[PDB]
Amino acid sequence: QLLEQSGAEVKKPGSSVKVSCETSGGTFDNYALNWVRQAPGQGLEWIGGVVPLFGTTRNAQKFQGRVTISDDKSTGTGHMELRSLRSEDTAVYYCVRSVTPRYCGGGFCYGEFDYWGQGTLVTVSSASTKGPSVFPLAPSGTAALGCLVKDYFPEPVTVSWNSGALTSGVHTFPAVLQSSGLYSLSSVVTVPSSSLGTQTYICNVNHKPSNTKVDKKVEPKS
Amino acid sequence: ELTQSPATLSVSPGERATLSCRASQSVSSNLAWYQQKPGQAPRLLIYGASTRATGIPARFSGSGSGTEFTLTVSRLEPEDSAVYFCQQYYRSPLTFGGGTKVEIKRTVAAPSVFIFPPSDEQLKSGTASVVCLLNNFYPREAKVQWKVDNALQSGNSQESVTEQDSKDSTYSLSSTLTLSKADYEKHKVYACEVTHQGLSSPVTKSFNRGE
Amino acid sequence: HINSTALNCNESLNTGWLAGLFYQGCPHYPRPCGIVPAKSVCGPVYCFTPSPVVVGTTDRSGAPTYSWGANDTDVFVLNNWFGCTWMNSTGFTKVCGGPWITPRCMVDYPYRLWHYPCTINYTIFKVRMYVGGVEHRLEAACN
Ligand SMILES: *[C@@H]1O[C@H](CO)[C@@H](O[C@@H]2O[C@H](CO)[C@@H](O)[C@H](O)[C@H]2NC(C)=O)[C@H](O)[C@H]1NC(C)=O
Ligand SMILES: *[C@@H]1O[C@H](CO)[C@@H](O)[C@H](O)[C@H]1NC(C)=O
Ligand SMILES: *[C@@H]1O[C@H](CO)[C@@H](O)[C@H](O)[C@H]1NC(C)=O
Ligand SMILES: *[C@@H]1O[C@H](CO)[C@@H](O)[C@H](O)[C@H]1NC(C)=O
């Protein structure tokens with residue numbers, strides 16, 4: 001079973017965000033939808049959850065009054081709305097669904113978390129959103145080449161190579177925060193030297209917060 | 001509230017890894033273990049303190065009850081490089097342990113080193129990024145020194161290091177030297193010097209501005 | 001009405017049985033129905049008039065209560081229908097007076113499959129039967 005979450009988001013402090021949780025195939029048997037977040041460098045924190053059959057909810061105290069978690073039993077799509085966003089709310093938010101309940105106590109039920117969404121990064125910031133500039137790292141029996149993805153905000157960007165046909169040997173580095181307050185990263189790949197100038201290499205850079213999609217061709221210099 | 005100590009572990013392939021979760025108050029057997037591989041969502045390994053979740057290899061085994069819990073990974077492999085979190089569902093609010101990050105040891109591997117000059121396009125816009133790549137090395141400790149016309153640089157570079165690779169248990173590292181276009185054009189030789197355990201002597205990769 | 005459902009459930013020994021609250025191995029006379037403390041009950045309580053009827057938590061005066069059977073004051077007043085059935089806190093089906101109208105037919109109701117899992121493969125039929133002097137229409141589940 002696969003949970004698919006809506007894409008990354010950036011929000012001004014005080015605003016609201018709604019994250020969705022869709023099931024790949026049809027809906028399946030589950031009794032609870034919960035949400036769990038993870039600060040960028042830190043661990044896991046439970047936000048709250050809902051048991052739709054009984055219509056009950058539990059929230060952790062940090063979110064009391066500003067979170068609404070719901071589940072559409074007809075579509076299999078769940079939601080977390082988080083209100084009154086503060087910068088401390090920047091985090092990857094995870095959808096989780098539970099299948100077999102282990103104990104109940106009025107009128108909510110609890111157990112292990114069977115299925116996790118892939119996660120949604122939510123950045124809360126007063127700073128301006130900025131899409132990246134993409135530059136080639138040109139190759140000089142194994143050669144390296146890459147793309148430099150400079151001066152964007154906020155996280156995240158994703159990089160694929162040749163529209164996903166090239167995955168072996170790819171390293172997309174963690175972004176670094178520059179002194180300017182903008183992020184930068186590189187993505188590199190090692191390829192046979194005998195492919196240089198014959199095989200086309202394109203890095204596909206996606207920055208959802210600025211709805212930017214860039215394809216950059218990487219070839220040896222003249 | 002759940003305590004995982006130590007917060008990190010470094011263990012050799014084929015050997016056994018033992019992870020600890022301590023609850024501050026009884027949670028009976030309502031405890032789960034999750035695995036979070038780099039860049040992925042956590043996946044459920046163990047529930048009810050000792051029951052393997054469906055599709056989990058048998059070398060993952062949990063035990064304990066009350067306040068003392070143990071996750072055991074028998075015969076470690078490279079794919080097990082990950083953060084492992086415990087979690088209790090005995091009482092509300094649900095809580096997670098802080099995690100233990102397991103690194104899988106491997107033989108020493110020297111970095112393969114590549115240097116990349118700034119692109120003409122970027123340089124035209126007034127800034128030069130010079131990138132030095134250290135590819136597929138172990139252990140994680142490595143030193144990169146930038147030299148511009150033999151002058152050692154300081155304060156004008158940033159590094160980033162991948163998470164451990166789940167297949168070959170190596171790291172890669174990028175160091176980026178950032179200059180204004182004007183400073184970049186005042187010099188000719190750009191070199192990064194790499195010191196690493198797997199290298200008998202430091203490797204230097206370089207280029208001359210304009211070939 | 002919904003939170004007049006007692007929801008004190010603890011999988012404990014038998015594992016998995018609590019899933020039947022949400023979705024889908026095989027004889028002494030029961031005791032008469034009395035006043036059942038809600039703290040021992042997991043899920044809806046059904047009585048049979050012989051048609052199925054849900055009984056919600058009350059206090060001991062019969063005043064409805066709305067705390068999911070979490071309080072000591074929460075009870076089910078079952079003394080009056082012909083019998084009642086429910087799941088207790090650790091997954092055991094309880095009966096007082098199951099709701100068999102025939103040696104092979106049982107009254108059908110939303111939690112029959114949870115309370116009587118050995119009737120999973122019974123067939124549902126619209127039936128009519130004489131209880132006392134009163135004809136009743138209901139759905140029954142038969143071998
Ligand atoms: C739920 O029902 C079961 C079955 O009657 C109860 O288990 C019995 O408990 C008594 C008291 O300890 C024992 O003497 C019996 O041997 C038990 N029977 C079985 C089959 O285990 C159980 O206690 C009930 N749970 C609640 C919360 O009332
Ligand atoms: C649920 O409980 C609250 C308070 O406990 C009560 O006010 C409300 O009416 C109940 N809801 C239903 C649908 O009975
Ligand atoms: C449920 O039963 C277990 C043993 O089966 C016990 O340890 C626990 O205290 C009970 N109550 C819960 C989990 O709320
Ligand atoms: C149990 O009852 C008390 C008062 O009778 C009430 O304050 C409390 O909220 C009830 N428990 C729950 C879980 O609602």
# chains A, B, ... in the order shown; residues from 1 in each chain; ligands from 1
call {"tool": "interface_residues", "arguments": {"of": "chain C", "to": "chain A", "cutoff": "6 Å", "atoms": "only C-alpha atoms", "output": "list in words"}}
result
residues 7, 8, 9, 10, 11, 18, 19, 68 and 70 of chain C
call {"tool": "interface_residues", "arguments": {"of": "chain A", "to": "chain B", "cutoff": "8 Å", "atoms": "only C-alpha atoms", "output": "number ranges by chain"}}
result
A: 42-46, 59-60, 94, 110-119, 135-140, 144, 171-176, 186
call {"tool": "write_last_selection", "arguments": {"atoms": "C-alpha atoms", "output": "tab-separated table (two decimals), in the first residue's frame"}}
result
chain	number	residue	atom	x	y	z
A	42	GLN	CA	15.53	16.19	14.26
A	43	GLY	CA	13.24	13.28	15.14
A	44	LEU	CA	9.54	12.38	14.97
A	45	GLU	CA	6.63	14.17	16.66
A	46	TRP	CA	2.95	13.08	16.67
A	59	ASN	CA	-4.23	16.17	19.13
A	60	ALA	CA	-0.93	16.77	20.88
A	94	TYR	CA	3.92	12.51	7.25
A	110	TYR	CA	-4.59	3.30	19.06
A	111	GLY	CA	-1.99	0.97	17.58
A	112	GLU	CA	1.15	0.74	15.47
A	113	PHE	CA	1.42	2.84	12.25
A	114	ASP	CA	1.33	0.42	9.29
A	115	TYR	CA	1.60	2.78	6.31
A	116	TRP	CA	3.44	6.10	5.90
A	117	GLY	CA	3.17	8.73	3.22
A	118	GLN	CA	6.38	9.90	1.56
A	119	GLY	CA	6.16	13.18	3.44
A	135	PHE	CA	24.61	25.52	-14.22
A	136	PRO	CA	26.48	22.55	-15.71
A	137	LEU	CA	29.35	20.80	-13.98
A	138	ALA	CA	31.00	19.77	-17.24
A	139	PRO	CA	32.99	16.53	-17.48
A	140	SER	CA	36.75	16.99	-17.93
A	144	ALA	CA	31.96	12.71	-13.45
A	171	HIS	CA	24.53	11.71	-5.83
A	172	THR	CA	22.32	14.70	-5.10
A	173	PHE	CA	23.94	16.41	-2.12
A	174	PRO	CA	22.08	17.90	0.86
A	175	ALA	CA	21.49	21.60	0.28
A	176	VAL	CA	23.69	24.10	2.10
A	186	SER	CA	24.90	19.99	-6.60
call {"tool": "select_by_dssp", "arguments": {"residues": "chain B", "states": "strand (DSSP E)", "output": "PyMOL selection string"}}
result
chain B and resi 2-3+8-11+17-23+31-36+43-47+51-52+60-65+68-73+82-88+95-96+100-104+112-116+127-137+143-148+151-152+157-161+171-180+189-195+203-208
call {"tool": "closest_residue", "arguments": {"among": "B:170, B:4, B:51, B:36", "to": "chain C", "atoms": "only C-alpha atoms"}}
result
B:51
call {"tool": "residues_near_ligand", "arguments": {"ligand": "ligand 2", "cutoff": "8 Å", "atoms": "only C-alpha atoms and all ligand atoms", "output": "VMD selection string"}}
result
chain C and resid 1 to 4 66 to 67
call {"tool": "residues_around", "arguments": {"residues": "residue A:67", "least_positions_apart": "2", "cutoff": "9 Å", "atoms": "only C-alpha atoms", "output": "list in words"}}
result
residues 47, 48, 59, 63, 64, 65, 69, 80, 81, 82 and 83 of chain A
call {"tool": "write_last_selection", "arguments": {"atoms": "N, CA and C atoms", "output": "PDB file, in the first residue's frame"}}
result
ATOM      1  N   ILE A  47       1.362  14.637  15.694  1.00  0.00           N
ATOM      2  CA  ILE A  47       0.499  15.818  15.669  1.00  0.00           C
ATOM      3  C   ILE A  47      -0.901  15.501  16.176  1.00  0.00           C
ATOM      4  N   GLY A  48      -1.538  14.507  15.579  1.00  0.00           N
ATOM      5  CA  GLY A  48      -2.900  14.169  15.942  1.00  0.00           C
ATOM      6  C   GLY A  48      -3.442  13.154  14.965  1.00  0.00           C
ATOM      7  N   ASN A  59      -5.323  15.307  19.536  1.00  0.00           N
ATOM      8  CA  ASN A  59      -4.226  16.175  19.135  1.00  0.00           C
ATOM      9  C   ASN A  59      -3.204  16.235  20.256  1.00  0.00           C
ATOM     10  N   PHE A  63      -0.595  21.531  19.372  1.00  0.00           N
ATOM     11  CA  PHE A  63      -1.452  21.860  18.244  1.00  0.00           C
ATOM     12  C   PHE A  63      -2.908  22.066  18.644  1.00  0.00           C
ATOM     13  N   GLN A  64      -3.223  22.018  19.939  1.00  0.00           N
ATOM     14  CA  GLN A  64      -4.609  22.139  20.392  1.00  0.00           C
ATOM     15  C   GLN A  64      -5.232  23.451  19.926  1.00  0.00           C
ATOM     16  N   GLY A  65      -6.271  23.352  19.099  1.00  0.00           N
ATOM     17  CA  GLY A  65      -7.004  24.497  18.622  1.00  0.00           C
ATOM     18  C   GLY A  65      -6.681  24.934  17.207  1.00  0.00           C
ATOM     19  N   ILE A  69      -7.846  17.433  11.366  1.00  0.00           N
ATOM     20  CA  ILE A  69      -7.473  16.230  10.636  1.00  0.00           C
ATOM     21  C   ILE A  69      -8.761  15.527  10.232  1.00  0.00           C
ATOM     22  N   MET A  80      -4.697  17.063   6.581  1.00  0.00           N
ATOM     23  CA  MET A  80      -4.332  17.797   7.782  1.00  0.00           C
ATOM     24  C   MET A  80      -4.321  19.270   7.419  1.00  0.00           C
ATOM     25  N   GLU A  81      -5.155  20.054   8.095  1.00  0.00           N
ATOM     26  CA  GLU A  81      -5.044  21.502   8.043  1.00  0.00           C
ATOM     27  C   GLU A  81      -4.378  21.967   9.327  1.00  0.00           C
ATOM     28  N   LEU A  82      -3.296  22.741   9.187  1.00  0.00           N
ATOM     29  CA  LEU A  82      -2.591  23.342  10.310  1.00  0.00           C
ATOM     30  C   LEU A  82      -2.692  24.855  10.169  1.00  0.00           C
ATOM     31  N   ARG A  83      -3.182  25.513  11.211  1.00  0.00           N
ATOM     32  CA  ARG A  83      -3.459  26.943  11.199  1.00  0.00           C
ATOM     33  C   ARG A  83      -2.465  27.677  12.083  1.00  0.00           C
TER      34      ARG A  83
END
call {"tool": "residues_near_ligand", "arguments": {"ligand": "ligand 1", "cutoff": "12 Å", "atoms": "only C-alpha atoms and all ligand atoms", "output": "mmCIF file with C-alpha atoms, in the first residue's frame"}}
result
data_model
loop_
_atom_site.group_PDB
_atom_site.id
_atom_site.type_symbol
_atom_site.label_atom_id
_atom_site.label_comp_id
_atom_site.auth_asym_id
_atom_site.auth_seq_id
_atom_site.Cartn_x
_atom_site.Cartn_y
_atom_site.Cartn_z
ATOM 1 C CA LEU C 7 -15.419 1.824 23.736
ATOM 2 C CA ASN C 8 -13.265 0.127 26.374
ATOM 3 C CA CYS C 9 -11.218 -2.313 24.304
ATOM 4 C CA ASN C 10 -7.886 -3.985 24.996
ATOM 5 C CA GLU C 11 -6.639 -6.613 22.576
ATOM 6 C CA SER C 12 -4.587 -8.178 25.410
ATOM 7 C CA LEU C 13 -4.275 -11.916 24.786
ATOM 8 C CA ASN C 14 -6.302 -12.584 21.623
ATOM 9 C CA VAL C 36 -23.988 -4.068 32.964
ATOM 10 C CA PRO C 37 -21.113 -1.687 33.827
ATOM 11 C CA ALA C 38 -20.033 0.067 30.619
ATOM 12 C CA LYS C 39 -16.369 -0.155 31.592
ATOM 13 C CA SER C 40 -16.395 -3.844 30.657
ATOM 14 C CA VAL C 41 -17.939 -3.273 27.197
ATOM 15 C CA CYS C 42 -16.224 -2.793 23.815
ATOM 16 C CA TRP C 86 -21.988 -7.503 23.201
ATOM 17 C CA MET C 87 -18.209 -7.756 23.131
ATOM 18 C CA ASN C 88 -16.423 -7.350 26.443
ATOM 19 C CA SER C 89 -13.203 -5.411 26.967
ATOM 20 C CA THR C 90 -10.857 -8.317 26.176
ATOM 21 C CA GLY C 91 -12.677 -9.717 23.131
ATOM 22 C CA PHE C 92 -15.186 -12.201 24.556
ATOM 23 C CA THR C 93 -18.749 -12.244 23.276
ATOM 24 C CA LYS C 94 -21.240 -11.859 26.128
ATOM 25 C CA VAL C 95 -24.902 -12.881 26.115
#
call {"tool": "select_by_dssp", "arguments": {"residues": "stretch 75-199 of chain B", "states": "alpha helix (DSSP H)", "output": "PyMOL selection string"}}
result
chain B and resi 120-124+181-185
call {"tool": "atom_distance", "arguments": {"atom1": "atom CA of residue A:62", "atom2": "atom CA of residue A:79"}}
result
18.5 Å
call {"tool": "residues_around", "arguments": {"residues": "residue B:195", "least_positions_apart": "5", "cutoff": "12 Å", "atoms": "only C-alpha atoms", "output": "PyMOL selection string"}}
result
chain B and resi 110-113+134+137+139-146+200-205
